[PDB]
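Colleague: Got a structure for you, written out below as C-alpha cells; questions coming shortly.
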Amino acid sequence: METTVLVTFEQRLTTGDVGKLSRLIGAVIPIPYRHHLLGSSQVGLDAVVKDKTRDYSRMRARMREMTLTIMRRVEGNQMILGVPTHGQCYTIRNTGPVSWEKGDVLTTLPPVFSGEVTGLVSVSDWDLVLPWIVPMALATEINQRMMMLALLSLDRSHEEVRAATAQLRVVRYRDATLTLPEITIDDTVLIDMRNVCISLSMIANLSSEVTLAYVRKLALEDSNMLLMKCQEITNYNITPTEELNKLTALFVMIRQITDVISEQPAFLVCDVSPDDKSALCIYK
Amino acid sequence: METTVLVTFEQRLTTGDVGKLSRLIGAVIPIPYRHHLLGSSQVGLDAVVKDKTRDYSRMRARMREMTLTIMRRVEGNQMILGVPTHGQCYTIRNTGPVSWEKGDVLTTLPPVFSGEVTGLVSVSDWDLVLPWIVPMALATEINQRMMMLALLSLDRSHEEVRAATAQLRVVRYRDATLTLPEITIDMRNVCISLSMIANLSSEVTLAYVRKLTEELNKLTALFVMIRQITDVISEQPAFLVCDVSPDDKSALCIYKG
Amino acid sequence: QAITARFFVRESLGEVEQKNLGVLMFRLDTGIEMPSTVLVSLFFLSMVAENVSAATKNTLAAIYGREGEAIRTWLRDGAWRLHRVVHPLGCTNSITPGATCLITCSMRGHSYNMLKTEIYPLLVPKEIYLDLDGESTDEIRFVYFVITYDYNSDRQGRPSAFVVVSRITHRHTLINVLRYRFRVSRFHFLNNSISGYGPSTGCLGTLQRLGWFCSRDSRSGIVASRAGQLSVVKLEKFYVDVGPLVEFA
Amino acid sequence: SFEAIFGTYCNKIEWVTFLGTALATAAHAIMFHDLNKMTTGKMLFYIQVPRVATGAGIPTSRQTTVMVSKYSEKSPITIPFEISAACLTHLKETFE
Amino acid sequence: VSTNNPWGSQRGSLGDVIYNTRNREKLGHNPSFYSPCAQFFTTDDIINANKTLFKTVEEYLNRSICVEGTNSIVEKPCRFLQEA
Amino acid sequence: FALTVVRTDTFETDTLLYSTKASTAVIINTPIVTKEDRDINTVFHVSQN
C-alpha cells in the first residue's frame, strides 16, 4: 500500500510539546488505514483506548488488525511515520518499562492496563498512547494469565477467583510488574477457551499411552525437580508411523493452544543503546 | 553494502585452515550477537556443543536465539561475516549432508554426529561446526523424530517399543540419509512437558466439556509446559533458494527469518 | 528488485499457464523414485482439492489430468494429500515456448512481463477462491492459501483446499474467522480425532500467506483451452509473499 | 513590535583531531586512496640485528635479517549523517 | 594440609555438586540469580580459565600479537581461581 | 557450622594505557560516503575501513 506516512496534528503543539515529540519519534504507532496522509485522531489506537467497556480482548483484537509504523522527523507539526518495510533495521525508543532483554523478539503490548497514562501530551483531550514494546515471552505470559483468570471462573466460585487473581494478576518479573485489567469475563475469551477445551479433549486421545506413562515410569526410575511436581500433577504398541501422525496432530494442537495466548511476533532487535533507551530492530 | 562483523583469531593460523576457509567463502556461520566484535570462542556451534549434558531441543533454541550469518571473506586472522538482511539475494553453501533442489525452503538445524560426523578447521578446543542447512518440513520431521525418541526411549525395557525406537532411529530424505541420536536432560525435560500435557489433557477439561485455585495450579503446570514445547517447533526458515549451483556446493537464495 | 527462478516444468505441465500466464506452482519430493522432484500448477492442485466440484475437477483433469492420472494424482488424489508435500512459490514469469519448459517463477514482487508492459495476474480458480472471503475490500486485500480437510473414513477421508482472500492480516484472528464457518469440519474432525485411539489422523487446516494484490481491479472471469472453458478469478497486481505453513485445528 | 526578549545559546562542538591528540604519538598514521588490491593483511618486517663485534672467537653466524610476518587488524568507522534535503534544495536554488 | 573440609575434597557435597551447574541444572535454576561461589564450585570455569591462561602464557613465551587471553581481567581473580 | 560467604562485587575501574611511539601503525581508508534510495530522512552512512 504505502510506506511513508505524513501525519498532521490538527490540535495545538507548543515549545514543550515539540520538545516532547522527539522521544516519541523514537517510538511506534499502529495505523488504521496505511495512507500517506492520516488524521491524528486516527493515528494510534488511542481513539479506542477510551472504549468505555474497556476490554484487553478488543485492544488485542484491534492491534491484531492494525499495522505498526515508526515515528520520525519533528519538523513543524508533521510526523513521518515510516511504515517499516519487513526485514530492515530501525531505531526504536522505549516506553515499555523494561530493558527488553537484548537478543529477543520484542513485541506489541496493547494498552498497558496498569493505570491509564497519557503518552505524549493531553492537547484537545487527546494523548498519544502507543502500544508498549515488551518481549515475546512477556506478551505470551500477559495473555496466558488473561485466559487463566477467567478459566477459573467456569468451575470455581467467583470469590475464590477474585482471591486467586489477587495473587496471579500481578505479574512478577524484573521491572515488569503489571496488574491484569480486572479480567474480562467475555464471549471473546469464551470463543477461544472452548477451542482450548477442544484441543485438550483431543490431546486426551492424541496422547499415547507411552506419552502418558513417560513421567509415570520415569518417576519410578529416578528423580528430577520437574518430575516431583509431575508426580504431583504386551502393554504398548509398535506403530511408530501412526505415533508420528499422533505427534504431528499433537503439535498442531499445542501450537494452536499456544497461539491462543501467544500474540504476534514483532521487532527482532539488532542493537540496544547502552542506556537501554533505543533499539535497532528488524523483523516486524 | 550490508552489515559486516569481523572475527579475530587467537590461534596462529594454519595455511591449510586458511585454505579450507577460502574453500568455505560461501558458507553460513552461527553467531551469538551482532556486536561488531567476534572472538573465536563466540563464533561457531562450538558454543552449543560444549555441554555434553545438553541435547537437541536446546541446540535448536540456541540456533534460534543466535544470529544466522553468511561467510564473506577472510583477511589474515580476521574473518568477514556479512549479516544477511531479509529480502536480498545471497550466495550460500550446503554444509549439511542434505542435497538442495531449486525453490526449496531452507532452514537451520544444528548438526548431529550420530553416524554422519563431519568435522572442520578445529584447532585448540574450538571447532567451526556449521549448522546443517536443511529443508523446512525435513527439519520439523527431524525434531519430531527426536521428541518421539525421547518419548518412546523409556520402554527400551520391552522388546516391542525397543523395536519401535530402532524402527524410528532413521530419517530418510531425497538422495541423502542420516541416523539419529538415542536419548536413553533437554529432551528429557521436553518429554516431561509432553507427558504432563498428555496426562492432564484427560484430567483438566472434563468439567469444561459439560459446560462448553486447584484448576489454576493444574492449568499453569499445563500451559507453561505448552509454551516451552511450542517454542521449539516453528522452524524459522533462514533461506529460500532461487537457483542451486550444480554438484550442490552453493545456492543463490533469498534470506528469510 | 524482484527475484525470479527458472524451473524445470514438464512440457506436459507447461500448458494452461503457457496459454495464459499466471498460476501458483508447488514443488514436491513425491513417492515414485524415478520422477520424485515435480513442480505443480494451481489448476493442477485444484483437481486434488475437493472444493472444486467434480465437473470442473475432471474438466481440468481432461485438460492435463492425463499426466495427473498417469502417476501424479495417484500420488496426490490416490496417495493421500499432506500439506507438507506441496509448497507454494508464486506466479509464473517467462512463458517459455521452448523445447523443454523452463518457467521462471517469481518469488516476491508484482509478477510482470519483462519490459514492464504487461502485469501478470494470478489466475485463482473459482471454487478454491471465493467462499472464504471476508468483507468488501479496499486496495490491499491479502491472499492466504489454506488446505482444509474433513475427517470421513481413511483416517482423513478426503483432502480439500481453499484460497482465502482477506484483509485480516493477523494469524489468530484469521484462524478464528476460519473457525467461524468451519464448525462442520471441526465436528467430524473431532469425531475421527476421538476415533483414533493409538492410530492417528493428522489435523484439520493449514494456513499460509501468499501475498496481496490490487483487489479493486479484482474481478472474476474465464479462460478456455483444450477441454473447454474454466471459470476463474483474476487477481491483477498480485504481489507475492509466501508465508509460513501455519496449521490450525 | 516585540514584547518578550529572547536570549538563548547554541554552542559549537570542539573539533578534535585524532592526529593532533596526545593519542597520536602512540600511532603511525598512513592513509590510502583505496584498499581493494592490497587486501591481505600480511605485513612483513625485515628486522636487522646489530652485530656485537667483540673478540669472543665467534662472530654472528650471518649478517642476520629476520622477516617476521604480522597480521593486520581492520575496523570500520560507520557513522550516520543526516542532512535535510528539503533545505539542501535551497543550496541548490540560491536564487535572488 | 590437603583440604580444609572433606566435602570440599570431592564431588557430592554442597558446593561441588549443588553449587555446581551440573547437579544445579538437574535441580533447576535461574538466568539472573548468579551464585558467587558457583564460579569455583563448578569445574567448568576452573578448567576453561586454566586452559585459556596456559595457552595464552605459552603464546606470550613463544614470542618472548596475542590477545583473547586478556579476558581474565574482567573476571580477574575469579579466573585466577583464588576467591578474591 | 562455620561458613565462608562469598561476595561478587563489581568495580568501575579507570585504567592506564601506555604505548610506545610507533606502537601500532594505522592505515585509514578514504571517507567513503554511502547513499541509499531517497527516503525522507536521507541518511548517508559515511564510513572508513
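Every read-out reported here was derived from the displayed coordinates using simple, explicitly stated rules and does not represent laboratory data. Here Cβ is always computed from backbone atoms with ideal geometry, including for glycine, and neighbour counts include all displayed protein chains.
Colleague: Would a scan of region E:24-36 turn up a residue that is under 23 Å from E:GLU68 (Cβ atoms) and either out of contact with any strand residue (DSSP E or B) (no Cβ under 8 Å at 6 or more places or on another chain) or in a helix (DSSP H, G or I) (or both)? Don't jump to the end; show me each part of the working.
Modeller: As a first pass, look at region E:24-36 and keep what is under 23 Å from E:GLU68 (Cβ atoms): none.
No, the conditions are met nowhere in region E:24-36.
Colleague: Residue by residue through region C:66-90, note down the ones that are in contact with a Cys (Cβ under 8 Å, 6 or more places away or on another chain) and either farther than 14 Å from C:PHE145 by Cβ or part of a helix (DSSP H, G or I) (or both).
Modeller: Filtering region C:66-90 for residues in contact with a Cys (Cβ under 8 Å, 6 or more places away or on another chain) gives C:89-90.
Across region C:66-90, there are no qualifying residues.
Conditions (1) in a strand (DSSP E or B); (2) touching a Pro at 6+ places or on another chain (Cβ under 8 Å); (3) among the aromatic types (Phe, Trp, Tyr), marked per residue:
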{"position": "C:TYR64", "(1), (2), (3)": "no, no, yes"}
{"position": "C:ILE95", "(1), (2), (3)": "no, no, no"}
{"position": "C:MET107", "(1), (2), (3)": "yes, no, no"}
{"position": "C:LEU115", "(1), (2), (3)": "no, no, no"}
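Colleague: May I ask you to say which residue of B:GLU116, B:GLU141 is closer than 25 Å to B:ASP248 by Cβ and either away from chain A (no Cβ under 14 Å) or assigned to a loop (DSSP other than H, G, I, E, B) (or both)?
Modeller: Checking each option against the conditions leaves just B:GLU116.
Colleague: Taking region B:26-62 as the search range and keeping residues that are of a type in the set (A, V, I, L, M) and either more than 18 Å from B:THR95 (Cβ to Cβ) or assigned to a helix (DSSP H, G or I) (or both), which one is farthest from the other protein chains (Cβ to nearest Cβ)? Walk me through how you get there before you give the answer.
Modeller: Within region B:26-62, the first condition is being of a type in the set (A, V, I, L, M), and the residues that meet it are B:27-29, B:31, B:37-38, B:43, B:45, B:47-49, B:59, B:61.
Right, trim to either more than 18 Å from B:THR95 (Cβ to Cβ) or assigned to a helix (DSSP H, G or I) (or both) and you get B:37-38, B:45, B:47, B:59, B:61.
Details: B:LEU37: 10, B:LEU38: 11, B:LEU45: 17, B:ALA47: 12, B:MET59: 15, B:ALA61: 12 Å.
Filtering first and then ranking leaves B:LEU45.
Colleague: While we're on this one: Within region C:4-57, take every residue that is within 14 Å of chain B (Cβ to nearest Cβ), among the β-branched types (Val, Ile, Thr) and within 17 Å of C:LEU122 (Cα to Cα) and give me the one that is surrounded by the most Cβ atoms within 10 Å (Cβ to Cβ). Give the steps one after another, and end with the answer.
Modeller: Step one: of region C:4-57, the residues within 14 Å of chain B (Cβ to nearest Cβ) are C:4-9, C:24-40.
Next, from what is left, pick out any that are among the β-branched types (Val, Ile, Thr): C:4, C:9, C:30, C:32, C:37-38, C:40.
Then drop every residue that is not within 17 Å of C:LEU122 (Cα to Cα), which leaves C:4, C:40.
On the way: C:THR4: 21, C:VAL40: 24.
Here the answer is C:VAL40.
Colleague: Being under 30 Å from B:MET79 (Cα atoms), part of a loop (DSSP other than H, G, I, E, B) and either small (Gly, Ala, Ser) or within 14 Å of chain B (Cβ to nearest Cβ) (or both): is that true of D:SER1 here? Please lay out each step first, then the result.
Modeller: On the way: under 30 Å from B:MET79 (Cα atoms): no; part of a loop (DSSP other than H, G, I, E, B): yes; either small (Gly, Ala, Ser) or within 14 Å of chain B (Cβ to nearest Cβ) (or both): yes.
When the stated conditions are applied, D:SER1 does not pass them.
Colleague: Same structure, new question: Considering only region C:140-226, give the strands (runs of 3 or more DSSP E) lying wholly within it that have at least 3 residues that are of a type in the set (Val, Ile, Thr).
Modeller: Values: elements: C:142-148, C:161-166, C:205-212, C:219-225.
Answer list for region C:140-226: C:142-148, C:161-166.
Colleague: So, in region C:233-246, of the ones that are touching a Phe, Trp or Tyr at 6+ places or on another chain (Cβ under 8 Å) and in a strand (DSSP E or B), which residue ends up farthest from C:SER46 (Cα to Cα)? Write out each step before concluding.
Modeller: First, pick out the residues of region C:233-246 that are touching a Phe, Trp or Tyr at 6+ places or on another chain (Cβ under 8 Å): C:233, C:235-239, C:241, C:243.
So of that shortlist, the ones also in a strand (DSSP E or B) come out as C:233, C:235, C:239.
Working: C:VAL233: 13, C:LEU235: 17, C:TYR239: 21 Å.
Among those residues, the one meeting the criterion is C:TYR239.
Colleague: Looking at B:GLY44 and the list (1) farther than 21 Å from E:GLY69 by Cα; (2) touching a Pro at 6+ places or on another chain (Cβ under 9 Å); (3) surrounded by 15 or more Cβ atoms within 10 Å (Cβ to Cβ), which single condition is not satisfied?
Modeller: Result: B:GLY44 passes all but (1).
Colleague: For C:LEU174, all conditions in the list (1) surrounded by 21 or more Cβ atoms within 10 Å (Cβ to Cβ); (2) within 23 Å of C:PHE43 (Cα to Cα); (3) within 12 Å of another protein chain (Cβ to nearest Cβ) hold save one; what is the number of the exception?
Modeller: The single condition C:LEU174 does not satisfy is (2).
Colleague: Can you tell me which residue within region A:185-214, out of those that are within 9 Å of chain B (Cβ to nearest Cβ) and assigned to a loop (DSSP other than H, G, I, E, B), is farthest from C:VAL177 (Cα to Cα)?
Modeller: Per the stated criteria, the residue is A:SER208.
Colleague: How many residues are assigned to a loop (DSSP other than H, G, I, E, B) and among the charged types (D, E, K, R) when one looks only at region B:215-257?
Modeller: Filtering region B:215-257 for residues assigned to a loop (DSSP other than H, G, I, E, B) gives B:231-238, B:245, B:249, B:256-257.
Still in the running and among the charged types (D, E, K, R): B:231, B:235, B:249, B:256.
Count: 4.
Colleague: Scanning region B:163-184 for residues that are more than 7 Å from chain A (Cβ to nearest Cβ) and either buried (at least 22 other Cβ atoms within 10 Å of the Cβ) or of a type in the set (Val, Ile, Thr) (or both), which turns out farthest from B:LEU138 (Cα to Cα)? I'd like the intermediate steps shown before the answer.
Modeller: To start, the set of residues in region B:163-184 that are more than 7 Å from chain A (Cβ to nearest Cβ) comprises B:165-166, B:169-184.
If we keep only those that are either buried (at least 22 other Cβ atoms within 10 Å of the Cβ) or of a type in the set (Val, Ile, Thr) (or both) as well, we get B:165, B:170-171, B:177, B:179, B:183-184.
Numbers: B:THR165: 19, B:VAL170: 12, B:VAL171: 9, B:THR177: 11, B:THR179: 13, B:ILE183: 20, B:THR184: 23 Å.
Of everything passing the filter in region B:163-184, B:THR184 is farthest from B:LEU138 (Cα to Cα).
Colleague: I've got another one for you. So in region C:193-215, with the set limited to residues that are surrounded by fewer than 19 Cβ atoms within 10 Å (Cβ to Cβ) and not polar (S, T, N, Q), which one is farthest from the other protein chains (Cβ to nearest Cβ)?
Modeller: Filtering first and then ranking leaves C:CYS214.
Colleague: Among the numbered criteria (1) crowded, with 21+ Cβ neighbours inside 10 Å; (2) aliphatic (A, V, I, L, M); (3) in contact with a helix residue (DSSP H, G or I) (Cβ under 8 Å, 6 or more places away or on another chain); (4) more than 9 Å from chain A (Cβ to nearest Cβ), which one does C:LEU235 miss?
Modeller: (3)
Colleague: Checking C:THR137 against (1) under 29 Å from B:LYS256 (Cα atoms); (2) in contact with a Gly (Cβ under 7 Å, 6 or more places away or on another chain), only one condition comes out false. Which one?
Modeller: That leaves (2) as the condition not met.
Colleague: What residue, among those in region A:227-284 that are of a type in the set (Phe, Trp, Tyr), within 7 Å of another protein chain (Cβ to nearest Cβ) and within 28 Å of the chain's Cα centre (by Cα), is farthest from E:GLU25 (Cα to Cα)?
Modeller: Of everything passing the filter in region A:227-284, A:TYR283 is farthest from E:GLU25 (Cα to Cα).
Colleague: If B:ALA221 satisfies every condition in (1) of a type in the set (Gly, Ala, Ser); (2) at the interface with chain A (Cβ under 8 Å from one of its Cβ atoms); (3) within 19 Å of the chain's Cα centre (by Cα) but one, which is the exception?
Modeller: The failed condition is (3).
Colleague: Sticking with this one: Do any strands (runs of 3 or more DSSP E) lying entirely in chain F carry at least 3 residues that are at the interface with another protein chain (Cβ under 7 Å from one of its Cβ atoms) and either in contact with a strand residue (DSSP E or B) (Cβ under 7 Å, 6 or more places away or on another chain) or surrounded by 10 or more Cβ atoms within 10 Å (Cβ to Cβ) (or both), and which ones are they?
Modeller: Hits in chain F: F:24-28, F:43-48.
Colleague: B:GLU160 fails exactly one of the following numbered conditions: (1) facing chain A (nearest Cβ under 9 Å); (2) crowded, with 22+ Cβ neighbours inside 10 Å. What is the number of that condition?
Modeller: It fails just one condition, (2).
Colleague: Is it the case that some residue within region B:75-92 is part of a strand (DSSP E or B), within 30 Å of D:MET38 (Cβ to Cβ), among the polar types (S, T, N, Q) and within 9 Å of another protein chain (Cβ to nearest Cβ)? I'd like the intermediate steps shown before the answer.
Modeller: We begin by selecting, within region B:75-92, every residue part of a strand (DSSP E or B); these are B:75, B:78-83, B:89-92.
Filter once more, so that each one left must be within 30 Å of D:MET38 (Cβ to Cβ): B:75, B:78-83, B:89-92.
Narrowing further to those that are among the polar types (S, T, N, Q): B:78, B:91.
Retained after the next criterion (residues that are within 9 Å of another protein chain (Cβ to nearest Cβ)): B:78.
Scanning region B:75-92, I find at least one residue that is part of a strand (DSSP E or B), within 30 Å of D:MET38 (Cβ to Cβ), among the polar types (S, T, N, Q) and within 9 Å of another protein chain (Cβ to nearest Cβ), so the answer is yes.
Colleague: Could you please give the count of residues in region E:24-54 that are surrounded by 14 or more Cβ atoms within 10 Å (Cβ to Cβ) and either touching a helix residue (DSSP H, G or I) at 6+ places or on another chain (Cβ under 6 Å) or among the aliphatic types (A, V, I, L, M) (or both)?
Modeller: The qualifying residues number 8.
Colleague: Checking the condition out of contact with any helix residue (DSSP H, G or I) (no Cβ under 9 Å at 6 or more places or on another chain) and crowded, with 17+ Cβ neighbours inside 10 Å, which residue from B:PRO111, B:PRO84 passes? It would help to see each step written out before you state the result.
Modeller: On the way: B:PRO111 fails: out of contact with any helix residue (DSSP H, G or I) (no Cβ under 9 Å at 6 or more places or on another chain).
Within the list B:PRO111, B:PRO84, the selection yields B:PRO84.
Colleague: Kindly evaluate B:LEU21 against the criterion of being more than 10 Å from every other protein chain (Cβ to nearest Cβ) and surrounded by 14 or more Cβ atoms within 10 Å (Cβ to Cβ). Outline the logic, then answer.
Modeller: On the way: more than 10 Å from every other protein chain (Cβ to nearest Cβ): yes; surrounded by 14 or more Cβ atoms within 10 Å (Cβ to Cβ): yes.
Here the answer is yes, as B:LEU21 does meet what is asked.
Colleague: Got a sec? Which of D:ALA4, D:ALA56, D:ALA24 is farther than 25 Å from E:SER64 by Cα, of a type in the set (A, V, I, L, M, F, W, C) and surrounded by 11 or more Cβ atoms within 10 Å (Cβ to Cβ)? Full working, then the answer.
Modeller: Values: D:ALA4 fails: surrounded by 11 or more Cβ atoms within 10 Å (Cβ to Cβ); D:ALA56 fails: surrounded by 11 or more Cβ atoms within 10 Å (Cβ to Cβ).
That would be D:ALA24, the only listed residue that is farther than 25 Å from E:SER64 by Cα, of a type in the set (A, V, I, L, M, F, W, C) and surrounded by 11 or more Cβ atoms within 10 Å (Cβ to Cβ).
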